[PDB]
Amino acid sequence: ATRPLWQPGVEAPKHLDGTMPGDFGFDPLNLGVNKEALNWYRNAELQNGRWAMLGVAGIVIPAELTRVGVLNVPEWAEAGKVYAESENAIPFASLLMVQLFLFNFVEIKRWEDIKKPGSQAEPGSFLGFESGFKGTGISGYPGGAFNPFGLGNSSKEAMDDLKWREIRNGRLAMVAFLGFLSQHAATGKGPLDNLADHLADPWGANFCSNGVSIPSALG
Amino acid sequence: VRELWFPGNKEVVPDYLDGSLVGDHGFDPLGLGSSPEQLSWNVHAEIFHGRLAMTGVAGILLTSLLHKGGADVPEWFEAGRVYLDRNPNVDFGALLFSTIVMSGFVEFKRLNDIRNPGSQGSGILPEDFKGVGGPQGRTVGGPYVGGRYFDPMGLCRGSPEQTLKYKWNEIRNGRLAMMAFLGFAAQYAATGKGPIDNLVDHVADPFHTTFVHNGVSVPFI
Amino acid sequence: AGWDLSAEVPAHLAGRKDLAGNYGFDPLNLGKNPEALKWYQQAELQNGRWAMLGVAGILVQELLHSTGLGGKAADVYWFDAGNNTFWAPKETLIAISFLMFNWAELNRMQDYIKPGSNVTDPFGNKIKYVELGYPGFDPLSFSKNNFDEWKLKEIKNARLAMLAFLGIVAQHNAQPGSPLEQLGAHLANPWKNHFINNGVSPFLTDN
Amino acid sequence: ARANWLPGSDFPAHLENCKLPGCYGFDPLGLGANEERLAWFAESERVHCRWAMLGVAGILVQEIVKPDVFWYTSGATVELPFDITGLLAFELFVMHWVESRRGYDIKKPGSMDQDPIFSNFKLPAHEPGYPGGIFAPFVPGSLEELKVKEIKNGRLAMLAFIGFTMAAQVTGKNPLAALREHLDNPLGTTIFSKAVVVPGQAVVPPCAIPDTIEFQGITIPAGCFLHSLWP
Amino acid sequence: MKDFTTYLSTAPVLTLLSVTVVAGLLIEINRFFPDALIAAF
Ligand code: CLA
Ligand SMILES: CC(/C=C/C=C(C)/C=C/[C@@]12O[C@]1(C)C[C@@H](O)CC2(C)C)=C\C=C\C=C(C)\C=C\C=C(C)\C=C\[C@@]12O[C@]1(C)C[C@@H](O)CC2(C)C
Ligand SMILES: CC1=C(/C=C/C(C)=C/C=C/C(C)=C/C=C/C=C(C)/C=C/C=C(C)/C=C/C2=C(C)C[C@H](O)CC2(C)C)C(C)(C)C[C@H](O)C1
Ligand SMILES: CC1=C[C@H](O)CC(C)(C)[C@H]1/C=C/C(C)=C/C=C/C(C)=C/C=C/C=C(C)/C=C/C=C(C)/C=C/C1=C(C)C[C@H](O)CC1(C)C
């Protein structure tokens with residue numbers, strides 16, 4: 001309740017109490033006044049954050065490893081075409097349909113979790129594997145077969161701490177991925193290319209010089 | 001009671017402008033500060049304007065005095081373009097954005113001071129940025145922020161009379177500085193020289209160098 | 001307070017005297033959480049011991065390189081050591097090291113999770129155990145007298161060695177040559193040979 | 001009645017019943033009204049007095065022994081036995097140690113009094129800014145009278161050093177050289193002769209120290225404090 | 001003042017003010033980005 005907030009001096013809305021991990025009282029648009037909608041948004045934020053952490057890793061780590069001289073993989077934007085032109089490449093349509101067919105199963109399972117957070121643990125569901133889907137009382141944190149190392153599986157407040165670390169890193173990753181998308185749309189260079197470019201001339205090479213951010217019509 | 005902007009005429013605005021505020025002479029002929037919440041906002045605005053105009057006018061005066069010893073300093077009305085020319089590697093948009101972002105941090109701090117008077121002397125900031133209060137009877141926050149950081153030399157801690165005297169000095173010099181900057185802009189529009197340039201032109205020949213002779217004020221002469 | 005007079009020990013470092021080299025130095029309060037401090041002590045011990053080993057290796061091998069005693073193996077710079085052929089290529093060496101350290105570090109981690117549960121070998125040999133980060137590896141038993149003093153010596157030398165290794169890498173990136181080569185270079189003048197005049201560190205000077 | 005900075009005037013209030021030496025009831029601006037700030041300013045005055053004493057004595061002696069070196073410019077025209085970078089680094093480190101110790105001692109009295117290396121050695125208890133002991137081997141006379149003497153001399157030294165700098169700016173030669181220049185023609189060397197302003201004209205003296213200087217490649221913007229603001 | 005601001009919140013004045021603001025905004029957008037027939041992104 002007395003926790004630090006996004007704006008020091010502005011009190012948190014009386015619906016963003018202080019229980020959810022990553023709660024800084026940030027909600028200027030009042031999108032989470034409904035409790036059920038707030039749970040769905042929490043679950044959506046978890047999914048977006050986890051996919052963005054995976055994606056931003058798979059963008060920067062190959063990029064930085066290419067820069068130093070290893071693996072020499074393409075830059076993330078053209079990586080789709082680089083594979084697509086390969087000889088024994090799966091066609092795009094068939095590849096996308098394979099991916100969507102697998103994710104259909106997985107994501108409908110996670111969905112039926114989100115409704116009743118013990119839904120998929122009923123006996124007779126899978127072939128003895130249904131026990132690993134019991135959940136942990138909160139949607140978005142399955143545990144069981146997930147979390148093999150049992151990290152935070154000890155002191156409760158330890159799990160609460162790791163939850164804040166996860167959510168902060170995920171928020172950073174999503175902001176960074178929006179940055180990657182907007183930077184490649186503007187400057188057709190990579191993320192590390194933009195980084196090493198800005199440090200060269202911070203007052204000359206920025207977002208007010210690429211000519212795509214600030215509309216050329218105005219200036 | 002006190003001195004009025006108009007000797008006699010006690011039909012000064014009703015007693016929301018009693019002799020309580022610093023710099024109070026009953027000057028509100030247009031009623032822009034009648035309600036108390038708007039009056040508090042206006043007090044904040046006046047002190048901030050006075051301080052900012054004091055800074056700006058001091059900078060303009062000094063830069064125009066240097067530009068008279070031949071020092072490589074442009075006049076105040078061309079400093080932006082002169083700098084942009086002499087430093088070609090900087091982008092106008094970048095400088096304008098950075099100025100708005102760094103000014104924004106401190107101005108959000110001051111804003112959330114105005115919203116909740118004591119809320120900004122906690123968390124990341126220590127407790128001296130809580131403010132000493134001042135006008136409207138508040139004992140915290142306000143345009144007067146004591147502590148060891150905005151009042152490092154302790155010139156208003158101790159001796160309430162001395163604090164009041166210095167508050168009056170600040171307010172009267174701030175009003176004078178605001179009027180002076182209006183004069184700077186008007187003189188630059190009407191003549192096209194610097195402030196110190198105009199002053200020395202006037203003192204060199206007090207006649208034939210009035211506002212009548214510039215051809216813009218009295219438009220037909 | 002010990003690390004800086006007129007300061008104040010950060011509470012969680014105040015009454016917690018059973019830590020080696022406790023001087024109240026914690027300007028960032030990374031160790032406020034007791035479990036965090038329990039992990040950080042082990043991290044400090046591991047980093048310090050590995051850095052003592054590594055810096056001793058750097059200094060001894062480069063001293064041999066300068067004087068000349070170890071032959072073609074040691075007549076190279078420490079950072080250029082990958083050019084020597086050895087009995088194995090780089091790859092199988094890396095793979096072997098992965099396997100062996102997985103074994104050793106998982107033994108140590110299992111020690112960490114439940115201290116004292118992993119002392120016994122598959123042959124029934126049982127060692128003793130004292131404190132978490134100190135598994136009692138004492139073939140010569142330098143641990144029965146003034147044990148706190150010995151831990152203090154170990155930890156102080158470990159902090160010095162980690163500082164030394166940070167210096168080694170920073171200097172190698174700043175100036176060329178072996179570490180002792182650079183020490184001699186500084187001792188040459190010394191009023192010009194110092195970190196200021198490299199073109200790599202202030203940056204404010206000479207671009 | 002007592003010693004006054006302006007005979008016939010009364011003291012303020014903080015300056016009434018001083019324990020600081022040299023209390024002549026000055027402070028026409030009220031800086032010593034606070035009481036923590038008053039002690040901090042007293043220590044600042046003492047160190048300024050002592051540093052300015054050392055500075056003016058050094059300038060006088062250096063002018064006496066090496067008249068061909070301008071004290072102002074002597075920083076760059078002296079030929080150092082060492083380099084200038086390492087010299088400044090040594091300066092920086094040593095002064096950091098000693099000045100941090102003194103500052104902390106002022107902040108909390110019973111603190112920076114013990115030798116780090118030798119446990120037995122330790123400063124005997126002292127008032128702030130007057131360490132004594134090893135710092136005061138010989139003590140010629142009563143301590144309070146000598147503190148007053150030191151404060152008087154330090155005031156005079158700070159005024160004298162600012163005068164040194166200014167004469168160096170406007171006259172361009174070392175202090176005793178400027179005194180010899182004023183003594184051959186007292187009517188004509190005074191600042192009233194050199195500079196004057198009237199409504200319609202301003203005569204200001206040129207700055208003898210040039211706009212820039214050359215030092216090992218780089219240029220140090222060493223001008224003349226603030227020209228154009230001179231009378 | 002309070003009553004003046006209450007007058008400025010009345011439907012006749014606030015509606016007219018908002019229409020003026022939106023009209024000015026559309027006029028500015030069409031002045032800087034004219035002749036836009038499609039949403040070309
Ligand atoms: C933006 C600067 C500013 C602001 C916010 C204030 C605010 C305030 N003043 Mg103040 N004052 C100012 C400048 C300012 N003053 C200047 C420059 C002078 C010197 C002439 C004075 C002299 C003065 C006196 C003598 C007194 C006040 C007083 C007050 C307080 C009560 C009056 C009131 O609330 O009306 C609010 C005023 C405004 C909201 C400013 C509106 C300005 C209008 C909209 C524009 C027209 C002004 C200008 C001539 C136009 C030039 C623009 C163009 C030509 C470029 C109030 C808090 C009275 C007081 O008791 O203080 C506590 C009082 O005694 N002022
Ligand atoms: C903020 C301000 C000045 C700030 C100046 C700045 C930052 C200058 C900045 C720079 O110069 C530098 C430093 C360097 C240059 O190279 C570049 C620029 C960028 C140029 C002055 C405000 C100036 C504001 C002025 C003069 C306001 C006057 C208000 C008056 C007279 C109001 C009176 C009344 O409102 C009352 C009090 C009661 C009502 O009821 C009746 C009426 C009569 C309305
Ligand atoms: C409401 C209010 C204010 C403002 C409040 C606001 C609006 C706060 C938030 C402000 C934001 C987000 C401002 C963003 C500004 C972006 C700017 C100014 C971009 C500028 C770049 C331009 C105009 C163009 C530069 C080119 C140059 C010249 C060179 C070329 O390559 C071409 C080109 C790119 C066209 C102020 C005035 C500050 C104070 C407060 O009291 C009242
Ligand atoms: C909070 C709030 C509330 C209030 O009230 C209001 C407001 C303000 C509205 C708010 C805010 C919001 C926000 C900020 C948002 C954002 C988001 C994001 C950014 C997301 C992303 C997100 C993102 C994501 C998921 C991403 C992901 C990614 C990925 C997978 C990637 C992939 C890839 C890779 C690897 C590589 C290759 O080669 C390519 C690709 C294929 C491409």
# chains A, B, ... in the order shown; residues from 1 in each chain; ligands from 1

$ interface_residues --of "chain E" --to "chain A" --cutoff "12 Å" --atoms "only C-alpha atoms" --output "count of residues only"
8

$ residues_near_ligand --ligand "ligand 3" --cutoff "9 Å" --atoms "only C-alpha atoms and all ligand atoms" --output "tab-separated table (two decimals) with N, CA and C atoms, in the first residue's frame"
chain	number	residue	atom	x	y	z
A	207	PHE	N	16.69	10.26	-32.87
A	207	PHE	CA	15.37	10.09	-33.45
A	207	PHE	C	14.87	11.34	-34.16
A	208	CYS	N	15.50	12.49	-33.94
A	208	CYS	CA	15.10	13.73	-34.58
A	208	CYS	C	15.95	14.01	-35.82
A	209	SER	N	16.67	12.99	-36.30
A	209	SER	CA	17.53	13.11	-37.46
A	209	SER	C	17.26	12.05	-38.51
A	210	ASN	N	16.54	10.98	-38.18
A	210	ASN	CA	16.27	9.95	-39.17
A	210	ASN	C	15.22	10.40	-40.17
A	211	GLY	N	14.47	11.45	-39.85
A	211	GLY	CA	13.51	12.01	-40.77
A	211	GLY	C	12.21	11.24	-40.88
A	212	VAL	N	12.11	10.08	-40.24
A	212	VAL	CA	10.88	9.29	-40.27
A	212	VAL	C	10.08	9.51	-38.99
A	213	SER	N	10.77	9.75	-37.88
A	213	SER	CA	10.07	9.99	-36.63
A	213	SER	C	9.34	11.32	-36.71
A	214	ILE	N	10.07	12.42	-36.78
A	214	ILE	CA	9.45	13.73	-36.92
A	214	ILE	C	9.05	13.91	-38.38
A	215	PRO	N	7.78	14.20	-38.65
A	215	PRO	CA	7.31	14.33	-40.04
A	215	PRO	C	8.03	15.42	-40.82
A	216	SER	N	8.57	15.03	-41.99
A	216	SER	CA	9.25	15.97	-42.88
A	216	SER	C	8.37	17.12	-43.34
A	217	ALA	N	7.05	16.95	-43.29
A	217	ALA	CA	6.14	17.99	-43.76
A	217	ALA	C	6.21	19.19	-42.84
A	218	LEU	N	6.24	18.90	-41.55
A	218	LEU	CA	6.27	19.91	-40.51
A	218	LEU	C	7.52	20.76	-40.63
A	219	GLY	N	8.67	20.11	-40.75
A	219	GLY	CA	9.96	20.77	-40.88
A	219	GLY	C	10.35	20.92	-42.34
B	91	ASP	N	21.44	18.59	-33.34
B	91	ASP	CA	20.17	18.66	-34.04
B	91	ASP	C	19.17	19.47	-33.22
B	92	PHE	N	18.51	20.43	-33.87
B	92	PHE	CA	17.54	21.27	-33.18
B	92	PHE	C	16.50	20.42	-32.47
B	93	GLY	N	15.95	19.43	-33.17
B	93	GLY	CA	14.96	18.56	-32.56
B	93	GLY	C	15.48	17.87	-31.31
B	94	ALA	N	16.73	17.41	-31.36
B	94	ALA	CA	17.33	16.73	-30.21
B	94	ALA	C	17.45	17.68	-29.03
B	95	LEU	N	18.00	18.87	-29.26
B	95	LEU	CA	18.15	19.83	-28.18
B	95	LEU	C	16.79	20.21	-27.61
B	96	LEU	N	15.80	20.42	-28.48
B	96	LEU	CA	14.47	20.80	-28.02
B	96	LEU	C	13.82	19.65	-27.26
B	97	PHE	N	14.08	18.42	-27.66
B	97	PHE	CA	13.49	17.29	-26.96
B	97	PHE	C	14.15	17.13	-25.61
B	98	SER	N	15.48	17.15	-25.58
B	98	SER	CA	16.20	17.01	-24.32
B	98	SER	C	15.80	18.11	-23.34
B	100	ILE	N	13.00	19.59	-23.20
B	100	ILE	CA	11.65	19.35	-22.70
B	100	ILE	C	11.62	18.14	-21.77
B	101	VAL	N	12.55	17.20	-21.91
B	101	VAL	CA	12.53	16.01	-21.07
B	101	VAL	C	13.17	16.29	-19.72
B	103	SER	N	13.65	19.40	-18.38
B	103	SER	CA	12.77	20.33	-17.70
B	103	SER	C	11.54	19.61	-17.18
B	104	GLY	N	11.07	18.59	-17.90
B	104	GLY	CA	9.87	17.90	-17.49
B	104	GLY	C	10.05	17.15	-16.19
B	107	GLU	N	9.81	19.65	-13.44
B	107	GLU	CA	8.53	20.33	-13.41
B	107	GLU	C	7.41	19.39	-12.99

$ residues_near_ligand --ligand "ligand 2" --cutoff "10 Å" --atoms "only C-alpha atoms and all ligand atoms" --output "PyMOL selection string"
chain B and resi 13+26-34+42+45-46+48-64+73-83+174-185

$ atom_distance --atom1 "atom CA of residue B:25" --atom2 "atom 29 (C, counted along the ligand's line) of ligand 1"
8.1 Å

$ closest_residue --among "B:191, B:214, B:209, B:136" --to "ligand 1" --atoms "only C-alpha atoms and all ligand atoms"
B:136

$ select_by_dssp --residues "chain E" --states "helix (DSSP H, G or I)" --output "short mmCIF file (atom, residue, chain, number, x, y, z; two decimals) with C-alpha atoms, in the first residue's frame"
data_model
loop_
_atom_site.label_atom_id
_atom_site.label_comp_id
_atom_site.auth_asym_id
_atom_site.auth_seq_id
_atom_site.Cartn_x
_atom_site.Cartn_y
_atom_site.Cartn_z
CA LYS E 2 -15.46 30.53 -10.13
CA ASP E 3 -18.66 31.71 -11.76
CA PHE E 4 -16.77 32.81 -14.87
CA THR E 5 -15.28 29.32 -15.21
CA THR E 6 -18.74 27.88 -14.58
CA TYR E 7 -19.94 30.02 -17.48
CA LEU E 8 -17.10 28.69 -19.61
CA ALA E 11 -22.99 23.82 -23.10
CA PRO E 12 -23.25 26.91 -25.41
CA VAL E 13 -19.65 27.94 -24.81
CA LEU E 14 -17.93 24.62 -24.28
CA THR E 15 -19.58 23.07 -27.34
CA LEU E 16 -18.59 26.01 -29.49
CA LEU E 17 -15.05 25.91 -28.05
CA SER E 18 -14.68 22.18 -28.71
CA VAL E 19 -16.02 22.51 -32.25
CA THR E 20 -13.54 25.34 -32.79
CA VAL E 21 -10.69 23.22 -31.43
CA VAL E 22 -11.57 20.18 -33.54
CA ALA E 23 -12.12 22.33 -36.63
CA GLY E 24 -8.78 24.04 -36.10
CA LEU E 25 -7.12 20.65 -35.68
CA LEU E 26 -8.60 19.26 -38.90
CA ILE E 27 -7.63 22.47 -40.68
CA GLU E 28 -4.05 22.15 -39.41
CA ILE E 29 -3.83 18.48 -40.37
CA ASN E 30 -5.09 19.26 -43.86
CA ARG E 31 -2.68 22.18 -44.09
CA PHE E 32 0.37 20.05 -43.33
#

$ residues_near_ligand --ligand "ligand 4" --cutoff "8 Å" --atoms "only C-alpha atoms and all ligand atoms" --output "ChimeraX atom specification"
/A:26-32,47-59,75-80,171,173-178

$ interface_residues --of "chain A" --to "chain C" --cutoff "12 Å" --atoms "only C-alpha atoms" --output "PyMOL selection string"
chain A and resi 150-152+154-155+157-158+161

$ residues_around --residues "residue D:156" --least-positions-apart "3" --cutoff "12 Å" --atoms "only C-alpha atoms" --output "list in words"
residues 48, 49, 50, 52, 53, 56, 57, 149, 150, 151, 152, 153, 159, 160, 161, 162 and 163 of chain D

$ write_last_selection --atoms "N, CA and C atoms" --output "PDB file, in the first residue's frame"
ATOM      1  N   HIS D  48      40.750  29.566   4.775  1.00  0.00           N
ATOM      2  CA  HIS D  48      41.023  30.599   3.784  1.00  0.00           C
ATOM      3  C   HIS D  48      42.146  31.510   4.247  1.00  0.00           C
ATOM      4  N   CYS D  49      42.121  31.907   5.523  1.00  0.00           N
ATOM      5  CA  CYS D  49      43.164  32.765   6.070  1.00  0.00           C
ATOM      6  C   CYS D  49      44.521  32.102   5.953  1.00  0.00           C
ATOM      7  N   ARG D  50      44.600  30.827   6.322  1.00  0.00           N
ATOM      8  CA  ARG D  50      45.892  30.154   6.328  1.00  0.00           C
ATOM      9  C   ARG D  50      46.398  29.900   4.913  1.00  0.00           C
ATOM     10  N   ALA D  52      45.645  31.671   2.267  1.00  0.00           N
ATOM     11  CA  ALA D  52      46.030  32.959   1.709  1.00  0.00           C
ATOM     12  C   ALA D  52      47.316  33.485   2.323  1.00  0.00           C
ATOM     13  N   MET D  53      47.557  33.232   3.609  1.00  0.00           N
ATOM     14  CA  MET D  53      48.853  33.569   4.187  1.00  0.00           C
ATOM     15  C   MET D  53      49.963  32.856   3.437  1.00  0.00           C
ATOM     16  N   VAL D  56      50.285  34.412  -0.192  1.00  0.00           N
ATOM     17  CA  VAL D  56      50.896  35.730  -0.293  1.00  0.00           C
ATOM     18  C   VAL D  56      52.365  35.670   0.097  1.00  0.00           C
ATOM     19  N   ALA D  57      52.712  34.874   1.112  1.00  0.00           N
ATOM     20  CA  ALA D  57      54.118  34.720   1.466  1.00  0.00           C
ATOM     21  C   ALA D  57      54.902  34.074   0.335  1.00  0.00           C
ATOM     22  N   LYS D 149      45.733  37.353  16.674  1.00  0.00           N
ATOM     23  CA  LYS D 149      46.789  37.808  15.771  1.00  0.00           C
ATOM     24  C   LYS D 149      46.733  37.065  14.444  1.00  0.00           C
ATOM     25  N   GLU D 150      46.535  35.749  14.498  1.00  0.00           N
ATOM     26  CA  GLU D 150      46.441  34.955  13.282  1.00  0.00           C
ATOM     27  C   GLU D 150      45.248  35.379  12.444  1.00  0.00           C
ATOM     28  N   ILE D 151      44.106  35.619  13.083  1.00  0.00           N
ATOM     29  CA  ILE D 151      42.924  36.018  12.332  1.00  0.00           C
ATOM     30  C   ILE D 151      43.139  37.368  11.663  1.00  0.00           C
ATOM     31  N   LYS D 152      43.728  38.322  12.383  1.00  0.00           N
ATOM     32  CA  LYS D 152      43.999  39.628  11.790  1.00  0.00           C
ATOM     33  C   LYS D 152      44.926  39.499  10.583  1.00  0.00           C
ATOM     34  N   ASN D 153      46.025  38.758  10.749  1.00  0.00           N
ATOM     35  CA  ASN D 153      46.968  38.582   9.651  1.00  0.00           C
ATOM     36  C   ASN D 153      46.316  37.870   8.473  1.00  0.00           C
ATOM     37  N   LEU D 159      42.870  39.807   1.680  1.00  0.00           N
ATOM     38  CA  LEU D 159      42.734  41.051   0.932  1.00  0.00           C
ATOM     39  C   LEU D 159      43.954  41.281   0.048  1.00  0.00           C
ATOM     40  N   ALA D 160      45.144  40.998   0.578  1.00  0.00           N
ATOM     41  CA  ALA D 160      46.372  41.196  -0.176  1.00  0.00           C
ATOM     42  C   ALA D 160      46.454  40.275  -1.385  1.00  0.00           C
ATOM     43  N   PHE D 161      45.993  39.030  -1.265  1.00  0.00           N
ATOM     44  CA  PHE D 161      46.054  38.139  -2.421  1.00  0.00           C
ATOM     45  C   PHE D 161      45.084  38.571  -3.509  1.00  0.00           C
ATOM     46  N   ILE D 162      43.885  39.015  -3.133  1.00  0.00           N
ATOM     47  CA  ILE D 162      42.979  39.518  -4.163  1.00  0.00           C
ATOM     48  C   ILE D 162      43.585  40.745  -4.834  1.00  0.00           C
ATOM     49  N   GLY D 163      44.260  41.591  -4.052  1.00  0.00           N
ATOM     50  CA  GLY D 163      44.973  42.718  -4.640  1.00  0.00           C
ATOM     51  C   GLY D 163      46.089  42.289  -5.573  1.00  0.00           C
TER      52      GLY D 163
END
